[PDB]
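Report on the structure given below.
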Amino acid sequence: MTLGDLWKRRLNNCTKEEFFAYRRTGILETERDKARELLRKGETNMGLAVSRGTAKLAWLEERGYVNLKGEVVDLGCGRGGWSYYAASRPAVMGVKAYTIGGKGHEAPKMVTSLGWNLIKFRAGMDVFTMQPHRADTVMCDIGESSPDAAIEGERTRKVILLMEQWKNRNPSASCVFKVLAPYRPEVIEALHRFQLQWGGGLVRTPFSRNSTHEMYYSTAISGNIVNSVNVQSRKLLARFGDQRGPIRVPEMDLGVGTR
Ligand SMILES: Nc1nc2c(ncn2[C@@H]2O[C@H](COP(=O)(O)OP(=O)(O)OP(=O)(O)O)[C@@H](O)[C@H]2O)c(=O)[nH]1
Ligand SMILES: C[S@@+](CC[C@H](N)C(=O)[O-])C[C@H]1O[C@@H](n2cnc3c(N)ncnc32)[C@H](O)[C@@H]1O
Ligand SMILES: [Mg+2]
């Protein structure tokens, strides 16, 4: 049993009020008041982020932890926050975005955010059985939360295997992907093998809530994986009891227009 396993158990044991306060203590949170209503009413001429994912990927790019370029593939695009971010980057020439959709899953939001015309969305697509194709940048933000850490570990393992398949097709592609449950043993083993062959490392974004252990793997960074995970598990375990609120910041606005 790992520190992350203990964190998950302590999380599940919170009362409702305890969980709510812990979830957001000390986290950066974009102000989505305007964006949320525009999307709800069906406004398409908007550059405000379609989800909280946009600011997360922007942070990784602005830190130099990812370098989005060329032909990008967004595996599990959901509402499209990462696809719209990538399409706005001058170094990106095209985005192919795929998501399963259906009951309980978010379909792409359709807006004129800058570079929208460079995105090809395909909903109703399972990426785990889809054959890889050529790409310069492979992104994947898949990892559905579950109160069961063993399920979260298996979900994470499937994402890492997907990334190995895309790297097999594209050995030189840059990769950025969510690692939902990085502390599980089969996840450590799989990440170690990934890092051995492809380089990379893990990083925690400041927008990720304390109710998730998610870390992002990128081929553009480095770092001992076990040390990265345990550092994160301890920061999460130490935040239990903190009463400070979230840190509110403006939502990303990418502007509108074609590229
Ligand atoms: N103690 C407690 N734990 C909870 C509760 N709800 C969720 N959790 C735990 O927190 C984990 C993450 O919960 P969520 O924040 O809803 O997961 P998410 O993927 O971010 O969900 P979205 O907000 O829809 O994006 C769950 O897998 C549970 O382990 C709750 O009401 N009480
Ligand atoms: C919420 S999204 C990522 C958020 C996105 N990066 C953004 O910025 O809006 C994760 C998506 O992956 C989708 N997904 C999960 N499993 C999938 C699968 N096997 N194939 C395709 N899409 C999948 C889920 O429906 C979900 O919408
Ligand atoms: Mg989660």
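Residues are referred to by chain and number: the chain letter is A, B, ... according to the order shown in the structure tokens, the number counts from 1 in that chain, and ligands are numbered separately from 1 in the order shown.
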
(request) Using only C-alpha atoms and all ligand atoms, find each residue with an atom at most 8 Å away from ligand 1 and format the answer as a ChimeraX atom specification. (result) /A:8-16,18-20,23,143-149,209,211-212

Set out as a Markdown table a contact list for region 167-210 of chain A and region 222-242 of chain A with a cut-off of 7 Å, giving each residue of region 167-210 of chain A that qualifies its closest atom pair and distance in Å to one decimal, counting only C-alpha atoms, ordered by chain and rising residue number.
| residue | atom | partner | partner_atom | distance |
| --- | --- | --- | --- | --- |
| A:182 | CA | A:229 | CA | 6.5 |
| A:183 | CA | A:229 | CA | 6.2 |
| A:199 | CA | A:222 | CA | 6.9 |
| A:200 | CA | A:222 | CA | 4.8 |
| A:201 | CA | A:222 | CA | 4.2 |
| A:202 | CA | A:228 | CA | 6.6 |
| A:210 | CA | A:236 | CA | 6.4 |

Output file for the residues above (N, CA, C and O atoms, as a compact mmCIF listing (two decimals), in the first residue's frame):
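In the end it all went to selection25.txt:
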# COMPACT_ATOMS: atom_id res chain seq x y z
N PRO A 182 -1.50 7.89 -10.36
CA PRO A 182 -0.08 7.57 -10.61
C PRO A 182 0.57 6.71 -9.55
O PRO A 182 1.65 6.17 -9.80
N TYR A 183 -0.08 6.52 -8.40
CA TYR A 183 0.50 5.81 -7.27
C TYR A 183 0.24 4.31 -7.31
O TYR A 183 0.80 3.59 -6.48
N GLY A 199 11.69 8.78 -22.54
CA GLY A 199 11.94 9.93 -21.71
C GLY A 199 10.63 10.47 -21.15
O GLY A 199 9.56 9.86 -21.28
N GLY A 200 10.73 11.61 -20.50
CA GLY A 200 9.57 12.29 -19.95
C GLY A 200 9.56 12.27 -18.43
O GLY A 200 10.50 11.80 -17.77
N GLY A 201 8.48 12.82 -17.88
CA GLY A 201 8.28 12.87 -16.45
C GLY A 201 6.90 13.38 -16.14
O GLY A 201 6.10 13.67 -17.04
N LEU A 202 6.62 13.51 -14.84
CA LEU A 202 5.30 13.87 -14.35
C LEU A 202 5.30 15.25 -13.72
O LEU A 202 6.29 15.67 -13.11
N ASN A 210 -7.86 18.88 -5.17
CA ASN A 210 -7.26 17.97 -4.21
C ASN A 210 -7.99 16.63 -4.14
O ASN A 210 -7.43 15.66 -3.62

Correct to one decimal, the distance CA of residue 174 (chain A)-CA of residue 139 (chain A) is 8.5 Å

Problem set entry | Neighbour list for residue 122 (chain A) as a list in words, cut-off 12 Å, only C-alpha atoms, skip fewer than 5 positions in-chain |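 In the requested form, the answer reads residues 73, 74, 75, 76, 77, 78, 79, 80, 83, 95, 96, 97, 98, 99, 100, 101, 107, 108, 109, 127 and 130 of chain A.
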
Check: DSSP says helix (DSSP H, G or I) for which residues of region 33-257 of chain A? Put them as a ChimeraX atom specification?
Finding: /A:33-41,53-62,81-87,116-118,127-129,149-169,185-198,225-238

request  = Determine which residues of region 72-252 of chain A DSSP labels as strand (DSSP E) from the backbone of this structure, then write them out as a PyMOL selection string.
outcome  = chain A and resi 72-75+92-99+119-123+137-140+174-179+201-203+215-218+247-250

Please save C-alpha atoms of the selected residues as a compact mmCIF listing (two decimals), in the first residue's frame.
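Listed below is the output, selection02.txt:
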# COMPACT_ATOMS: atom_id res chain seq x y z
CA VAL A 72 -1.91 17.29 -33.19
CA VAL A 73 -4.17 14.45 -32.07
CA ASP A 74 -6.49 14.99 -29.07
CA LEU A 75 -7.53 11.55 -27.79
CA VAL A 92 0.04 23.91 -34.65
CA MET A 93 -1.12 23.19 -38.20
CA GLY A 94 -4.08 20.91 -37.55
CA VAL A 95 -5.92 19.04 -34.81
CA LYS A 96 -7.76 15.73 -35.10
CA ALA A 97 -9.93 15.40 -32.01
CA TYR A 98 -11.74 12.22 -30.99
CA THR A 99 -14.18 11.50 -28.17
CA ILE A 119 -9.95 21.10 -35.88
CA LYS A 120 -11.63 17.96 -37.20
CA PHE A 121 -13.92 16.61 -34.48
CA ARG A 122 -15.08 13.00 -34.45
CA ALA A 123 -17.54 12.11 -31.69
CA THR A 137 1.93 15.86 -31.02
CA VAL A 138 -0.21 13.31 -29.16
CA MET A 139 -2.45 14.58 -26.33
CA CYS A 140 -4.76 12.50 -24.13
CA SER A 174 5.76 14.71 -28.34
CA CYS A 175 3.24 13.31 -25.85
CA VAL A 176 1.22 14.84 -23.04
CA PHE A 177 -1.27 12.71 -21.15
CA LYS A 178 -3.28 12.53 -17.95
CA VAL A 179 -2.16 9.94 -15.38
CA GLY A 201 8.28 12.87 -16.45
CA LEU A 202 5.30 13.87 -14.35
CA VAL A 203 3.99 17.23 -13.18
CA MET A 215 -0.62 14.21 -12.78
CA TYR A 216 0.36 14.97 -16.37
CA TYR A 217 3.12 13.06 -18.14
CA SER A 218 5.03 14.90 -20.83
CA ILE A 247 -7.62 31.11 -5.64
CA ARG A 248 -9.86 32.59 -8.35
CA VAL A 249 -8.23 33.69 -11.64
CA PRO A 250 -9.68 34.88 -14.97

So, with only C-alpha atoms as the atoms that count, which of A:156, A:112, A:165, A:30 lies closest to residue 213 (chain A)?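 For residue 213 (chain A), the nearest of the given residues is A:156.
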
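Each of A:135, A:28, A:110, A:3 was checked against residue 169 (chain A) using only C-alpha atoms; the smallest atom-to-atom distance is that of A:135.
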
Query - Straight-line distance linking atom 12 (O, counted along the ligand's line) of ligand 2 with CA of residue 142 (chain A), stated in Å to one decimal - result: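 Interatomic distance here is 4.6 Å.
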
Find the residue from A:25, A:51, A:258, A:168 that sits nearest to ligand 2; use only C-alpha atoms and all ligand atoms when measuring.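 Nearest candidate to ligand 2 out of A:25, A:51, A:258, A:168: A:51.
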
Name all residues at most 10 Å from residue 49 (chain A) (count only C-alpha atoms; drop same-chain ones fewer than 3 positions away) and give them as a compact mmCIF listing (two decimals) with N, CA, C and O atoms, in the first residue's frame.
# COMPACT_ATOMS: atom_id res chain seq x y z
N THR A 30 -10.45 28.88 -12.50
CA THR A 30 -10.85 29.94 -13.42
C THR A 30 -12.29 30.38 -13.19
O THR A 30 -13.14 29.59 -12.77
N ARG A 32 -15.63 31.08 -14.43
CA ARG A 32 -16.37 30.60 -15.59
C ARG A 32 -17.80 31.11 -15.65
O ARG A 32 -18.61 30.56 -16.40
N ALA A 35 -18.49 32.41 -19.29
CA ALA A 35 -18.33 31.33 -20.25
C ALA A 35 -19.46 30.31 -20.13
O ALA A 35 -20.02 29.86 -21.14
N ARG A 36 -19.82 29.96 -18.90
CA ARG A 36 -20.81 28.91 -18.69
C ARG A 36 -22.16 29.30 -19.29
O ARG A 36 -22.83 28.48 -19.93
N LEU A 39 -22.12 29.27 -23.28
CA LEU A 39 -22.25 27.91 -23.78
C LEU A 39 -23.67 27.40 -23.61
O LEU A 39 -24.22 26.77 -24.51
N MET A 46 -17.46 32.82 -29.54
CA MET A 46 -16.82 33.04 -28.25
C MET A 46 -15.47 32.36 -28.22
O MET A 46 -15.28 31.28 -28.79
N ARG A 52 -12.68 23.69 -18.16
CA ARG A 52 -11.51 23.95 -17.32
C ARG A 52 -10.24 23.31 -17.85
O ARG A 52 -9.16 23.57 -17.31
N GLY A 53 -10.32 22.49 -18.90
CA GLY A 53 -9.10 21.88 -19.41
C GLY A 53 -8.18 22.84 -20.12
O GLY A 53 -6.96 22.63 -20.13
N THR A 54 -8.73 23.89 -20.74
CA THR A 54 -7.91 24.82 -21.52
C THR A 54 -6.80 25.45 -20.67
O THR A 54 -5.63 25.43 -21.05
N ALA A 55 -7.15 26.01 -19.51
CA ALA A 55 -6.14 26.66 -18.68
C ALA A 55 -5.10 25.66 -18.17
O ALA A 55 -3.95 26.05 -17.92
N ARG A 79 -15.36 18.08 -24.27
CA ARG A 79 -15.89 19.34 -24.77
C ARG A 79 -14.95 20.05 -25.73
O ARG A 79 -15.38 20.93 -26.48
N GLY A 80 -13.67 19.70 -25.71
CA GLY A 80 -12.69 20.24 -26.63
C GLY A 80 -11.72 21.28 -26.08
O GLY A 80 -11.03 21.93 -26.89
N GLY A 81 -11.64 21.47 -24.76
CA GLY A 81 -10.78 22.52 -24.21
C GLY A 81 -9.33 22.43 -24.66
O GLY A 81 -8.68 23.46 -24.88
N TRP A 82 -8.81 21.22 -24.80
CA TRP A 82 -7.43 21.05 -25.26
C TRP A 82 -7.33 21.24 -26.76
O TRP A 82 -6.33 21.78 -27.25
N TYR A 84 -9.25 23.20 -28.71
CA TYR A 84 -9.27 24.63 -28.99
C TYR A 84 -7.98 25.31 -28.56
O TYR A 84 -7.48 26.20 -29.26
N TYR A 85 -7.42 24.91 -27.43
CA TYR A 85 -6.13 25.51 -27.07
C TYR A 85 -5.07 25.22 -28.12
O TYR A 85 -4.38 26.13 -28.59
N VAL A 111 -17.60 26.11 -31.16
CA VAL A 111 -17.40 27.55 -31.06
C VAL A 111 -16.39 28.00 -32.12
O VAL A 111 -15.70 27.18 -32.73
N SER A 113 -13.71 29.79 -31.53
CA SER A 113 -12.44 30.09 -30.89
C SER A 113 -11.31 29.99 -31.92
O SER A 113 -11.36 29.18 -32.85
N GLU A 251 -10.67 33.36 -16.55
CA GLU A 251 -10.68 32.29 -17.54
C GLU A 251 -9.91 32.72 -18.78
O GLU A 251 -9.87 33.90 -19.14
N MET A 252 -9.27 31.74 -19.42
CA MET A 252 -8.59 31.98 -20.69
C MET A 252 -9.59 32.40 -21.77
O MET A 252 -10.65 31.79 -21.92
N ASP A 253 -9.23 33.42 -22.54
CA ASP A 253 -9.96 33.83 -23.74
C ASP A 253 -8.98 33.79 -24.91
O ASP A 253 -8.04 34.58 -24.97
N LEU A 254 -9.23 32.89 -25.85
CA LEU A 254 -8.32 32.70 -26.97
C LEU A 254 -8.62 33.61 -28.14
O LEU A 254 -7.85 33.62 -29.12
N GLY A 255 -9.67 34.41 -28.06
CA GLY A 255 -10.13 35.14 -29.22
C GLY A 255 -10.84 34.21 -30.18
O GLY A 255 -10.97 33.01 -29.95

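When only C-alpha atoms and all ligand atoms are used to measure the gap to ligand 3, the shortest distance among A:141, A:164, A:22, A:191 belongs to A:141.
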